[PDB]
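Heads up, the chain below is alone and in the form deposited in one PDB entry; it's given as structure tokens.
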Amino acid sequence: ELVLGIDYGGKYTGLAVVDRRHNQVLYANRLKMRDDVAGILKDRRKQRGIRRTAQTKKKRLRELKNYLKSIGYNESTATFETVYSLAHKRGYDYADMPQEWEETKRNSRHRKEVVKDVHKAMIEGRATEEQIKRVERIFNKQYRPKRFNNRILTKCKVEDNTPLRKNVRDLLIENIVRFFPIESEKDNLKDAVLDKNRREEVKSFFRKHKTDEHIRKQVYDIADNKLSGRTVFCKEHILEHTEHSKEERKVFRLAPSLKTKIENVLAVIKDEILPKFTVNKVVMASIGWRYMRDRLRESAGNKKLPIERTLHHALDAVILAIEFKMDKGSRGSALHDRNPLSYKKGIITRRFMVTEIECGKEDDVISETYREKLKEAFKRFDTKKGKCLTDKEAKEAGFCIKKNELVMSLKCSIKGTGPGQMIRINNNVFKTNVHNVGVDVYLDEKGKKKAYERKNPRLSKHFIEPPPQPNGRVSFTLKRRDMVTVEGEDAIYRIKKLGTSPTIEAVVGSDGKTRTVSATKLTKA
């Protein structure tokens, strides 16, 4: 009777297979699932916000340019230049201008100031009030509509859509007063909490009946405070927690960033259990728990498989009855770095703030005088190795403090970057870490066995360096993270870094050390 145990946890997960008829342990290990982080969806959303904001800005500039060319203010006129230069800084409008407003922000102005400047610029440009109000509407116009009321939806519950806490507050406060020792005052406290004209009499209850502080905190939270978040209300479990009618509805995939680690568990399950073992019962309810149950009954080839509810994690897995994951080379990941690099005359350069460079990077700056002032300022202050300069250290200023804030910028040269990583998209130049997708081994003439890199097809028309390939017969092609053997060696090796002579790793028994062997001497396992 083979039993599979899942010790699912947050950072680590134990896996074990035990035969319960003899207490014989046949398989056990522990692992992590989390990649680098699955919170790079936050950086994806930040880039999505930057991209959509830039698209909206380009869209509005296009529309306002079209309208002003329709009126007659061509790009030669000073009126067009004045209003069109103002359109790049609209100013915020969520906060209405009236000491507090001046101490709030020091840049971006405000929408009313900007549109007052538009009124001034167009009354200097002989415009009518119709044209001025149309330009005012173009500045105030929304292009991508603000739809953020019910976007994500906690859904209908067979156990464990749903409405906001904003709209069903009466049910929550009733759930608070459900466990009170007084009956006739329940509806009175209901009328007291929900009415803002009856706010004062609620505080009498906490001294009259000596309730717990948690109860008082909950009542004050319901008192027009906890307005955010969705409750669990649906057609079922409106007010109760009855566990009847199991498996009434299907299960959907609404739990983002948890699928990643659940299928990371199921990857080693599929790779190490199903080809070799047959399990009669699996033991590990939450949405992820239900999803994981459905995925094991999908993968095991049995829709009715019984699934029921740091070496100590592996021990707990054995009682219930190494290996890290990481990736950035997939098709879903970033082609190239976010901040573009200057690539002139074969020299790779980037501006940086003076306040960012630290003591370990003394002599990378191009300009000599500011380099010297940087190192004397390093010895002037306590800013030793690894510390970036502060604004208080910027109070002893560098040359020509900026108009907007007390910093200064210098060019610098970037190491760890070569001509093979350069791609140019439009006018920009970025570096990439996905530029190799495979190693093509060629043999030609008398048997000259040599290898080339397969450049990435998505970027192949954008590389600055032409892709070197002479003619030959392609006999072999490797990819990243493959199993590979070495000519003249008995062990099995795995590729960590590829290109020319790929960097290969021991599949077992390594201690962090690496070794390189050319792809000519290489063959898969």
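We call the rigid core whatever largest set of C-alpha positions still superposes within 1.5 Å between the two forms. Note that residue numbering follows the sequence shown and begins at 1.
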Q) Counting only residues from the deposited sequence, how many are left out of the model between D160 and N161 (none, 1 to 3, 4 to 9, 10 or more)? A) 1 to 3
Q. Counting only residues from the deposited sequence, how many are left out of the model between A321 and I322 (none, 1 to 3, 4 to 9, 10 or more)?
A. 10 or more
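Absent from the display: the form deposited in another entry. The rest refers to it.
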Q. Following superposition of the rigid core, which of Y343, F352, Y84, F206 is the only residue with a C-alpha displacement of 2 Å or more between the shown form and the other one?
A. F206
Q. Do you see a C-alpha shift of 2 Å or more at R216 between the shown form and the other one, with the core held fixed?
A. yes
Q.
After superposing the rigid core, is the C-alpha displacement of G229 2 Å or more between the shown form and the other one?
A. yes
(Q) After core superposition, I'd like to know whether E75 moves between the shown form and the other one (criterion: C-alpha shift of 2 angstroms or more). (A) no
